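Chemist: Compact mmCIF, C-alpha atoms, file coords33.txt:
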# COMPACT_ATOMS: atom_id res chain seq x y z
CA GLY I 1390 0.00 0.00 0.00
CA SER I 1391 0.80 3.70 0.00
CA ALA I 1392 0.22 4.22 3.74
CA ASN I 1393 1.14 2.75 7.11
CA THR I 1394 -2.04 0.63 7.36
CA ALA I 1395 -1.40 -2.14 4.84
CA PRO I 1396 -0.73 -5.90 4.97
CA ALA I 1397 2.68 -7.47 4.46
CA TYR I 1398 3.69 -9.86 1.69
CA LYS I 1399 3.92 -13.42 2.99
CA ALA I 1400 5.48 -16.69 1.91
CA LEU I 1401 4.60 -18.29 -1.42
CA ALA I 1402 2.97 -21.71 -1.50
CA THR I 1403 5.58 -22.94 -4.00
CA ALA I 1404 9.05 -21.47 -4.42
CA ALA I 1405 9.16 -19.38 -7.59
CA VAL I 1406 11.80 -19.91 -10.27
CA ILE I 1407 13.95 -17.13 -11.73
CA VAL I 1408 13.78 -16.56 -15.49
CA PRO I 1409 17.24 -15.42 -16.69
CA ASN I 1410 17.58 -12.30 -18.82
CA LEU I 1411 20.19 -11.25 -21.37
CA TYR I 1412 23.10 -9.30 -19.90
CA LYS I 1413 24.59 -6.21 -21.52
CA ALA I 1414 26.46 -7.17 -24.69
CA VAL I 1415 29.55 -4.98 -24.27
CA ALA I 1416 31.52 -6.81 -26.95
CA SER I 1417 32.67 -6.24 -30.50
CA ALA I 1418 36.06 -7.86 -31.19
CA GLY I 1419 35.76 -7.15 -34.89
CA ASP I 1420 32.38 -8.46 -35.91
CA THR I 1421 32.71 -11.48 -33.63
CA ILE I 1422 30.27 -10.61 -30.84
CA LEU I 1423 30.41 -11.98 -27.29
CA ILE I 1424 27.31 -11.88 -25.08
CA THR I 1425 27.98 -12.38 -21.38
CA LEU I 1426 25.48 -14.55 -19.51
CA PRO I 1427 24.55 -14.23 -15.81
CA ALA I 1428 25.62 -17.87 -15.31
CA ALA I 1429 26.56 -21.08 -17.11
CA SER I 1430 24.28 -22.29 -19.88
CA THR I 1431 23.76 -24.88 -22.60
CA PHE I 1432 21.48 -25.47 -25.58
CA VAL I 1433 18.77 -28.16 -25.72
CA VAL I 1434 18.94 -30.23 -28.92
CA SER I 1435 17.15 -33.57 -29.34
CA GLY I 1436 16.42 -33.72 -25.63
CA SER I 1437 20.11 -33.52 -24.70
CA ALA I 1438 22.58 -30.83 -23.61
CA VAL I 1439 25.07 -29.50 -26.16
CA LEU I 1440 27.19 -26.36 -26.47
CA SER I 1441 27.17 -26.01 -30.28
CA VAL I 1442 24.20 -25.14 -32.50
CA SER I 1443 23.87 -24.04 -36.11
CA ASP I 1444 22.75 -20.75 -37.65
CA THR I 1445 19.25 -22.01 -38.45
CA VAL I 1446 18.66 -22.96 -34.80
CA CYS I 1447 20.51 -19.92 -33.48
CA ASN I 1448 18.49 -17.38 -35.47
CA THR I 1449 15.25 -18.46 -33.78
CA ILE I 1450 16.62 -17.58 -30.35
CA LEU I 1451 18.12 -14.13 -30.92
CA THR I 1452 17.12 -11.00 -32.82
CA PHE I 1453 19.01 -7.90 -33.89
CA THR I 1454 18.15 -4.35 -34.82
CA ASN I 1455 18.86 -3.18 -38.38
CA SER I 1456 18.29 -6.69 -39.77
CA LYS I 1457 21.63 -8.37 -39.10
CA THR I 1458 20.85 -12.06 -38.45
CA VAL I 1459 23.59 -14.64 -37.85
CA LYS I 1460 26.05 -15.74 -40.54
CA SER I 1461 25.34 -18.95 -42.44
CA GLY I 1462 27.54 -22.00 -42.05
CA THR I 1463 28.57 -20.98 -38.53
CA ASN I 1464 28.13 -22.52 -35.09
CA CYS I 1465 27.12 -20.54 -32.02
CA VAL I 1466 29.36 -21.72 -29.18
CA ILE I 1467 29.05 -21.19 -25.43
CA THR I 1468 32.08 -21.52 -23.18
CA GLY I 1469 31.70 -20.62 -19.54
CA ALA I 1470 29.20 -17.81 -19.06
CA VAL I 1471 29.81 -16.32 -22.53
CA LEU I 1472 28.22 -16.76 -25.96
CA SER I 1473 30.23 -16.34 -29.17
CA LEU I 1474 28.80 -15.76 -32.64
CA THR I 1475 29.24 -13.94 -35.95
CA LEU I 1476 26.90 -11.69 -37.94
CA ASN I 1477 25.97 -11.21 -41.59
CA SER I 1478 27.89 -7.94 -41.88
CA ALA I 1479 29.94 -5.48 -39.85
CA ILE I 1480 27.69 -3.42 -37.59
CA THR I 1481 27.81 0.34 -38.17
CA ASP I 1482 26.00 2.71 -35.83
CA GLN I 1483 23.94 1.19 -33.03
CA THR I 1484 22.88 -2.45 -32.86
CA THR I 1485 20.90 -4.36 -30.25
CA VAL I 1486 20.44 -8.03 -29.35
CA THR I 1487 17.55 -9.60 -27.46
CA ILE I 1488 15.86 -12.92 -26.78
CA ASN I 1489 13.12 -14.13 -29.10
CA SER I 1490 10.00 -12.00 -28.73
CA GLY I 1491 7.66 -14.92 -29.41
CA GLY I 1492 9.39 -17.14 -26.87
CA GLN I 1493 11.99 -19.87 -27.15
CA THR I 1494 13.14 -23.03 -25.41
CA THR I 1495 16.49 -23.98 -26.99
CA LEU I 1496 18.61 -21.78 -24.67
CA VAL I 1497 18.52 -22.87 -21.02
CA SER I 1498 20.56 -22.07 -17.92
CA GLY I 1499 22.47 -24.54 -15.76
CA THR I 1500 24.47 -27.31 -17.42
CA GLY I 1501 21.52 -29.69 -17.73
CA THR I 1502 18.12 -30.03 -19.34
CA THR I 1503 16.12 -29.44 -16.14
CA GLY I 1504 17.14 -25.81 -15.69
CA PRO I 1505 14.96 -22.86 -16.73
CA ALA I 1506 14.90 -21.05 -20.07
CA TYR I 1507 15.62 -17.52 -21.26
CA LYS I 1508 13.10 -14.78 -21.98
CA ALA I 1509 12.90 -11.40 -23.68
CA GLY I 1510 13.04 -8.62 -21.12
CA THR I 1511 14.90 -5.62 -22.54
CA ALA I 1512 17.67 -5.04 -25.08
CA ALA I 1513 21.46 -5.02 -24.78
CA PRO I 1514 23.23 -2.22 -26.70
CA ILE I 1515 26.50 -3.45 -28.18
CA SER I 1516 29.66 -1.54 -27.28
CA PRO I 1517 32.80 -1.40 -29.44
CA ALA I 1518 35.81 -3.04 -27.81
CA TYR I 1519 38.57 -2.50 -30.37
CA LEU I 1520 40.47 0.14 -32.33
CA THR I 1521 41.74 0.16 -35.90
CA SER I 1522 45.19 1.79 -35.61
CA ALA I 1523 47.05 4.88 -34.41
CA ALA I 1524 50.27 6.76 -35.11
CA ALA I 1525 52.41 9.73 -34.10
CA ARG I 1526 51.92 12.79 -36.28
CA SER I 1527 54.25 14.87 -34.07
CA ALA I 1528 56.35 14.58 -30.93
CA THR I 1529 53.25 15.06 -28.76
CA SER I 1530 50.27 14.55 -31.12
CA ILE I 1531 48.86 11.03 -31.45
CA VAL I 1532 45.82 10.35 -33.65
CA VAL I 1533 43.69 7.24 -33.15
CA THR I 1534 41.35 5.68 -35.72
CA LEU I 1535 37.95 4.73 -34.32
CA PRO I 1536 36.19 1.87 -36.17
CA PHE I 1537 32.91 3.82 -36.41
CA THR I 1538 31.57 7.34 -36.15
CA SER I 1539 31.44 8.66 -32.59
CA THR I 1540 30.38 11.68 -30.54
CA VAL I 1541 31.26 13.16 -27.15
CA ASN I 1542 27.86 14.87 -26.75
CA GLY I 1543 28.91 18.39 -25.83
CA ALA I 1544 31.17 17.50 -22.90
CA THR I 1545 33.93 20.05 -22.37
CA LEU I 1546 37.19 18.26 -23.14
CA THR I 1547 39.21 19.58 -20.22
CA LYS I 1548 42.02 17.48 -18.80
CA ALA I 1549 39.61 16.25 -16.12
CA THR I 1550 37.56 14.66 -18.92
CA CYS I 1551 40.24 13.27 -21.22
CA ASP I 1552 41.92 11.15 -18.55
CA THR I 1553 38.71 9.10 -18.40
CA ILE I 1554 38.41 8.49 -22.17
CA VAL I 1555 41.88 7.59 -23.45
CA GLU I 1556 45.35 6.88 -22.07
CA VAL I 1557 48.85 6.56 -23.53
CA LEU I 1558 51.15 4.04 -21.85
CA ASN I 1559 54.95 4.14 -21.90
CA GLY I 1560 57.04 1.21 -23.08
CA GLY I 1561 54.08 -1.16 -22.90
CA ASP I 1562 53.69 -1.04 -19.11
CA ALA I 1563 50.37 0.00 -17.61
CA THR I 1564 51.94 1.73 -14.58
CA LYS I 1565 53.51 4.68 -16.48
CA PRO I 1566 50.73 6.67 -18.15
CA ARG I 1567 51.74 9.91 -19.84
CA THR I 1568 50.52 13.35 -18.83
CA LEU I 1569 48.32 15.23 -21.29
CA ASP I 1570 48.48 18.87 -22.30
CA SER I 1571 46.53 20.89 -19.76
CA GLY I 1572 45.44 23.26 -22.53
CA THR I 1573 43.50 21.22 -25.11
CA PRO I 1574 44.11 17.54 -24.37
CA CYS I 1575 41.74 16.01 -26.95
CA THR I 1576 39.42 16.67 -29.88
CA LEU I 1577 37.06 14.54 -31.98
CA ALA I 1578 36.37 14.57 -35.74
CA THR I 1579 34.31 11.58 -36.94
CA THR I 1580 36.73 8.63 -36.94
CA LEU I 1581 39.79 10.58 -35.70
CA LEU I 1582 40.67 11.30 -32.07
CA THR I 1583 43.50 13.63 -31.05
CA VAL I 1584 45.74 13.06 -28.02
CA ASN I 1585 48.15 15.78 -26.91
CA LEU I 1586 50.89 14.96 -24.41
CA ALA I 1587 52.88 17.11 -22.01
CA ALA I 1588 55.98 19.06 -23.01
CA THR I 1589 58.21 16.74 -20.97
CA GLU I 1590 56.58 13.64 -22.49
CA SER I 1591 57.79 12.40 -25.89
CA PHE I 1592 56.95 9.47 -28.15
CA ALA I 1593 59.21 6.41 -28.35
CA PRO I 1594 58.94 3.02 -30.06
CA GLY I 1595 56.94 0.48 -28.07
CA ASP I 1596 54.19 2.68 -26.67
CA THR I 1597 50.60 1.45 -26.54
CA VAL I 1598 47.27 3.29 -26.48
CA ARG I 1599 43.83 2.20 -25.30
CA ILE I 1600 40.54 3.30 -23.77
CA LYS I 1601 40.69 3.76 -20.00
CA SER I 1602 38.44 1.54 -17.91
CA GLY I 1603 35.23 3.33 -17.00
CA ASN I 1604 34.79 5.43 -20.14
CA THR I 1605 31.34 7.00 -20.30
CA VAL I 1606 31.46 10.20 -22.39
CA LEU I 1607 32.64 9.06 -25.84
CA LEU I 1608 29.89 7.13 -27.61
CA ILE I 1609 28.86 5.59 -30.92
CA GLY I 1610 26.91 7.21 -33.72
CA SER I 1611 25.73 10.80 -33.85
CA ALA I 1612 22.80 10.69 -31.42
CA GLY I 1613 23.61 10.91 -27.73
CA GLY I 1614 22.55 8.41 -25.12
CA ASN I 1615 24.13 5.53 -27.05
CA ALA I 1616 26.74 3.24 -25.56
CA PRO I 1617 30.42 4.10 -25.02
CA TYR I 1618 33.55 2.11 -25.83
CA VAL I 1619 35.27 -0.38 -23.52
CA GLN I 1620 38.77 -1.74 -23.06
CA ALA I 1621 40.31 -4.22 -25.49
CA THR I 1622 41.98 -7.55 -24.81
CA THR I 1623 45.25 -6.03 -26.06
CA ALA I 1624 46.49 -2.47 -26.39
CA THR I 1625 47.04 -0.76 -29.74
CA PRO I 1626 50.69 -0.25 -30.76
CA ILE I 1627 51.71 3.26 -31.77
CA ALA I 1628 53.68 3.51 -35.02
CA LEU I 1629 55.82 6.37 -36.27
CA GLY I 1630 54.21 8.76 -38.73
CA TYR I 1631 56.43 11.84 -39.05
CA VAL I 1632 59.95 12.81 -40.15
CA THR I 1633 62.10 15.70 -38.97
CA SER I 1634 63.90 16.67 -42.18
CA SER I 1635 64.46 15.81 -45.84
CA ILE I 1636 67.33 17.67 -47.52
CA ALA I 1637 69.27 17.22 -50.76
CA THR I 1638 72.99 16.87 -50.07
CA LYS I 1639 73.70 15.92 -53.70
CA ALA I 1640 71.47 16.21 -56.74
CA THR I 1641 71.52 12.38 -56.78
CA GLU I 1642 71.03 11.88 -53.04
Would you mind writing the structure in this file as structure tokens?

Modeler:
Amino acid sequence: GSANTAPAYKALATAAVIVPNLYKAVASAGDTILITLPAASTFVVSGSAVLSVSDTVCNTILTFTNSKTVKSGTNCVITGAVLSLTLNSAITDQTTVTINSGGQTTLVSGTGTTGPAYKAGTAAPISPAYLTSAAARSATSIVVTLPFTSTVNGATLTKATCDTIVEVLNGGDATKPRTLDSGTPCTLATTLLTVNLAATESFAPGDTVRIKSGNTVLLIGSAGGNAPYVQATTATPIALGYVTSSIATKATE
């Protein structure tokens, strides 16, 4: 009730079972998509428990926005509490995955046939988890290539902001991040992101760049309120992209 005088909720006659939902996707390792599950799971084929199913069976269970569908001649595989699959084409802009709207019974929790089955609930926006490449265009300017269009959604890109989006490691060790320029640390232009370091910091072979854990401001697509990026299983090497001087000592040299 909405007042003090109301009765309490009491014990159920029979213990109620929990229908599992679909966790946030938060994976794009290319086009290979990984969907994390709240627990261990297994498919139900021919009254038995098996980890591998085909595209025809797999398409019944899941649905995507923008008409993706799963790739033909491929096997959806579950290992641990994760689900691994491939799509018809690379996803550009937002995409969403969800459990079959008209119900389904092939995907069940536990590692046996007795356990419950999945249901629709709500969607799971897919977050990019990889970068294309990056290079040094100057001694303190480093430009990174996002796989898709992005947007920061009007956030002022002070140094307090940039440290949350992107970071530049030294010598491939995560304990020596490099200071940014307190003036204008970063900027965004479609697929290109600018990183400006401090005057004392300089580029050297072996550095690595990545998205800092907890990013929330950089997003996908043009519209705000979409999902941000996440960290990748391996950092992106930084390659040289500038030269100091080119001069003609001889006419043939």

Chemist: Looking at I:1520, I:1550, I:1606, I:1530, which one is nearest to residue 1584 (chain I), with distances taken over only C-alpha atoms?

Modeler: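 Nearest to residue 1584 (chain I): I:1530.
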
Chemist: Work out how far apart CA of residue 1508 (chain I) and CA of residue 1432 (chain I) are and give it in Å to one decimal.

Modeler: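 Spanning CA of residue 1508 (chain I) to CA of residue 1432 (chain I) is a straight-line distance of 14.1 Å.
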
Chemist: Considering all atoms listed in the file, can you say which of I:1621, I:1608, I:1524, I:1575 comes closest to residue 1419 (chain I)?

Modeler: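 For residue 1419 (chain I), the nearest of the given residues is I:1621.
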
Chemist: Please provide as number ranges by chain all residues within 12 Å of residue 1487 (chain I), with the sequence filter that same-chain residues fewer than 6 positions apart are discarded (counting all atoms listed in the file).

Modeler: I: 1410-1414, 1424, 1448-1454, 1458, 1493, 1507-1515

Chemist: Would you mind reading off the distance between CA of residue 1497 (chain I) and CA of residue 1463 (chain I), one decimal, in Å?

Modeler: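 Between these atoms lies a distance of 20.3 Å.
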
Chemist: Nearest residue to residue 1616 (chain I) out of I:1469, I:1436, I:1517, I:1504, using only C-alpha atoms?

Modeler: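 Smallest separation from residue 1616 (chain I) among the options: I:1517.
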
Chemist: Mind checking which residues fall within 9 Å of region 1590-1597 of chain I, counting all atoms listed in the file, ignoring those fewer than 5 positions away in the same chain, and posting them as an MDAnalysis selection string?

Modeler: chainID I and resid 1525 1527:1531 1556:1562 1567:1569 1624:1629

Chemist: Which neighbours of region 1440-1442 of chain I fall inside 9 Å, counting all atoms listed in the file, when residues of the same chain fewer than 5 positions from it are skipped, and could you give them as a PyMOL selection string?

Modeler: chain I and resi 1430-1434+1447+1463-1468

Chemist: Using all atoms listed in the file, which residue out of I:1427, I:1491, I:1572, I:1499 lies closest to residue 1471 (chain I)?

Modeler: I:1427

Chemist: Could you tell me which of I:1541, I:1587, I:1577, I:1480 comes closest to residue 1416 (chain I) if we count only C-alpha atoms?

Modeler: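 So, comparing all the options, the nearest one is I:1480.
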